[PDB]
Visitor: 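Just passing along the structure, written as structure tokens.
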Amino acid sequence: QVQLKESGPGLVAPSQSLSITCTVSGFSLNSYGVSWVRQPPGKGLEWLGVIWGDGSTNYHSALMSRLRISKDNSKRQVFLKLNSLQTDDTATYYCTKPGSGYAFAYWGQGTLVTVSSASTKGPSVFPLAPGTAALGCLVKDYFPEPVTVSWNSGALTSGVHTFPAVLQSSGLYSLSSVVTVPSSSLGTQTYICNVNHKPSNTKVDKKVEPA
Amino acid sequence: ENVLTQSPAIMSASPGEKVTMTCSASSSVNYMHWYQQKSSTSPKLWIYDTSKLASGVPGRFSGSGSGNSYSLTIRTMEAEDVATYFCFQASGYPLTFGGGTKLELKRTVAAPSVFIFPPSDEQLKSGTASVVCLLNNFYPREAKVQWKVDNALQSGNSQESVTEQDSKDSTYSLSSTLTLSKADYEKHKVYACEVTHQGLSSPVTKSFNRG
């Protein structure tokens with residue numbers, strides 16, 4: 001079963017270098033080419049390059065040979081290295097592989113890379129306190145993306161809408177997560193939002209209580 | 001490079017309607033591949049080598065064409081077909097994708113539920129007031145949210161965020177956040193949002209009094 005998984009830094013500064021690793025499984029790297037594709041946030045897909053089984057490579061010429069792709073067969077890893085970064089390189093980066101023919105059929109989950117001179121900040125989390133009631137949490141002033149939010153650790157998914165993050169005029173992101181529930185259940189059930197920001201090692205669990 | 005132009009870029013279709021989207025290349029290619037992407041997760045191969053459905057893909061989908069001009073067609077539009085669709089060619093370097101075709105489901109009018117949240121006491125002590133207007137489960141996307149502070153219309157001080165179309169009911173949700181300093185917030189008494197939407201007879205207002 002072909003699997004691919006990317007890992008890299010969430011945040012790197014301009015003119016520095018980016019490096020991401022793809023761990024692969026289910027096929028021989030000696031036999032099969034592996035490619036890299038990125039997606040700038042809210043835009044389309046761009047192919048970056050490919051390393052064939054024999055070790056030869058092809059790169060998108062627009063990159064101006066700022067990109068190098070390499071691999072180690074015994075580790076089962078493929079490495080993306082991108083030099084002299086510009087804020088334009090901020091993107092979700094995917095490793096991917098064809099199946100039959102040349103269409104890409106297997107994709108990693110992808111890894112968001114933000115290119116910025118700004119520093120990590122963890123969010124503050126504030127309750128939005130509540131026959132249909134809404135309640136929520138406001139996840140304010142964090143950097144960079146992304147934040148993950150769940151309600152009652154996954155037990156509550158019906159009624160849950162988590163908005164896209166918005167860049168505020170301060171250069172920080174904020175988002176809201178809400179859930180609709182019956183009025184009747186406010187007095188009985190407790191509601192807790194679980195917020196996670198990996199780039200700062202912040203895990204906040206916030207009770208949202210009627211006022 | 002070989003530029004792929006997809007048309008239309010934005011499209012909606014009522015359930016059971018035939019939809020078609022084209023991808024055009026500036027130079028001829030051996031085949032065209034198509035990817036479906038839902039809600040910023042990894043793209044999924046959908047159609048490969050021009051007309052072969054990937055496994056799992058239902059028979060209402062088809063692709064055709066040759067040379068420079070390819071098409072993806074859905075005979076009966078379903079709610080689960082809401083997605084962005086990207087064409088891709090791998091017949092010559094650099095490999096290239098189209099800019100995408102965003103497919104919306106054009107369902108029946110549904111009026112929003114409206115909720116207002118005052119800032120939490122915890123946010124206020126940090127020096128900031130975020131007031132939140134929630135519009136839940138509505139259709140179409142076009143809505144007018146207007147903030148009034150002591151019956152005065154606000155301008156340029158609120159940010160809006162919208163969910164993608166829901167998988168089950170095909171509605172939207174919208175949050176709008178009015179952000180100001182605590183010192184400014186405590187200088188006014190009544191905060192209200194006013195929602196206009198074709199699912200509503202007259203504009204709906206929700207409001208509170210600081211206290």
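Values below: every heavy atom of this structure, side chains too, minus hydrogens, waters and symmetry copies. Chain naming here is simple, since letters A, B, ... match the order of the sequence lines and numbering starts at 1 in each.
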Visitor: Give, as side chain, backbone, both or neither, the part of A:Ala62 having an atom under 4.5 angstrom from any heavy atom of chain B.
Guide: neither
Visitor: Does B:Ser161 reach the main-chain N or O of A:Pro164 with its side chain, forming a donor-acceptor pair under 3.5 Å?
Guide: yes
Visitor: With only heavy atoms counted, which part of B:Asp121 is less than 4.5 Å from chain A, the side chain, the backbone, both or neither?
Guide: neither
Visitor: What residues of residues 137-161 of chain A sit under 4.5 Å from chain B when only non-hydrogen atoms are counted?
Guide: A:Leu138, A:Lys140, A:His161
Visitor: Which residues in residues 190-200 of chain A have any heavy atom lying under 4.5 Å from a heavy atom of chain B?
Guide: none
Visitor: Which residues from residues 89-102 of chain A are near chain B, with near meaning under 4.5 Å between non-hydrogen atoms?
Guide: A:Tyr94, A:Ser100, A:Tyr102
Visitor: Relative to chain B, which segment of A:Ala105 carries a heavy atom at a distance below 4.5 Å: side chain, backbone, both, or neither?
Guide: both
Visitor: Is it the case that atom NZ in A:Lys43 sees more than 12 heavy atoms from other parts of the structure closer than 6.0 Å?
Guide: yes
Visitor: Under 4.5 Å from any heavy atom of chain B, what part of A:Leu112 do you find: side chain, backbone, both or neither?
Guide: neither
Visitor: Taking every heavy-atom pair that is under 4.5 Å apart, which of B:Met32, B:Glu1, B:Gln37 has the most such pairs with chain A?
Guide: B:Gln37
Visitor: Please look at B:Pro43 and chain A and tell me whether the side chain, the backbone, both or neither of the residue comes under 4.5 angstrom of a heavy atom of that chain.
Guide: both
Visitor: Does the A:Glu46 side chain pair with the main chain of B:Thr96, one donor and one acceptor, at a distance under 3.5 Å?
Guide: no
Visitor: With a 4.5 Å cut-off on heavy-atom pairs, point out which of B:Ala90, B:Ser126, B:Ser175 contacts chain A the most.
Guide: B:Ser175
Visitor: With chain A as the partner, which of B:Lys44, B:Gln159, B:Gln123, B:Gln89 has the greatest number of non-hydrogen pairs under 4.5 Å?
Guide: B:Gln123
Visitor: Using the six-membered ring wherever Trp is involved, compare the ring planes of B:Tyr35 and A:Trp107 and label them parallel, tilted or perpendicular (cut-offs 30° and 60°).
Guide: perpendicular
Visitor: Among A:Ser35, A:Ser169, A:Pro127, A:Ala211, which has the most heavy-atom pairs under 4.5 Å with chain B?
Guide: A:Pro127
Visitor: Under a 4.5 Å heavy-atom cut-off, does chain A meet the side chain of B:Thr41, its backbone, both or neither?
Guide: backbone
Visitor: Out of B:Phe88, B:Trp34, B:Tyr31, B:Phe115, which one racks up the most heavy-atom pairs below 4.5 Å with chain A?
Guide: B:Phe115
Visitor: Take atom NZ in A:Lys121; do more than 12 heavy atoms of anything else shown fall under 6.0 Å from it?
Guide: no
Visitor: Mind ranking A:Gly44, A:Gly110, A:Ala134, A:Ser61 by heavy-atom pairs under 4.5 Å with chain B and telling me who comes out on top?
Guide: A:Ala134
Visitor: Given a strict heavy-atom distance threshold of 4.5 Å, which part of A:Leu175 is in contact with chain B: side chain, backbone, both, or neither?
Guide: neither
Visitor: Are B:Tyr93 and A:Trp47 side-chain neighbours, meaning at least one heavy-atom pair lies under 4.5 Å?
Guide: yes
Visitor: Side chain from CB out, backbone as N, CA, C, O: work out which of these in B:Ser40 comes under 4.5 Å of a heavy atom of chain A, or both, or neither.
Guide: backbone
Visitor: Please state whether the side chain, the backbone, both or neither of B:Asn30 comes within less than 4.5 Å of a heavy atom of chain A.
Guide: neither
Visitor: Contact part of B:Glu122 toward chain A, heavy-atom cut-off under 4.5 Å: side chain, backbone, both or neither?
Guide: both
Visitor: For B:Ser181, check side chain to side chain contact (heavy atoms under 4.5 Å, CB included) against everything at least two apart and list the hits.
Guide: B:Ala183, B:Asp184
Visitor: Between atom CG of A:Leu128 and atom OG of B:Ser120, what is the distance when rounded to the nearest 0.5 Å?
Guide: 8.0 Å
Visitor: What option among B:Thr179, B:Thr84, B:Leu174, B:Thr177 has the most heavy-atom pairs under 4.5 Å with chain A?
Guide: B:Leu174
Visitor: Between CZ of A:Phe163 and CD of B:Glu164, what distance do you get to the nearest 0.5 Å?
Guide: 10.0 Å
Visitor: Tell me, yes or no, whether the heavy-atom count around B:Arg141 atom CZ, taken from other residues, nucleotides or ligands under 6.0 Å, exceeds 12.
Guide: no
Visitor: By a 4.5 Å heavy-atom criterion (distance strictly below it), what part of B:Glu160 contacts chain A: side chain, backbone, both, or neither?
Guide: backbone
Visitor: Crowded around B:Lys189 NZ? As in, over 12 foreign heavy atoms under 6.0 Å?
Guide: yes
Visitor: Counting only heavy atoms closer than 4.5 Å, note whether B:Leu95 contacts chain A via side chain, backbone, both or neither.
Guide: both
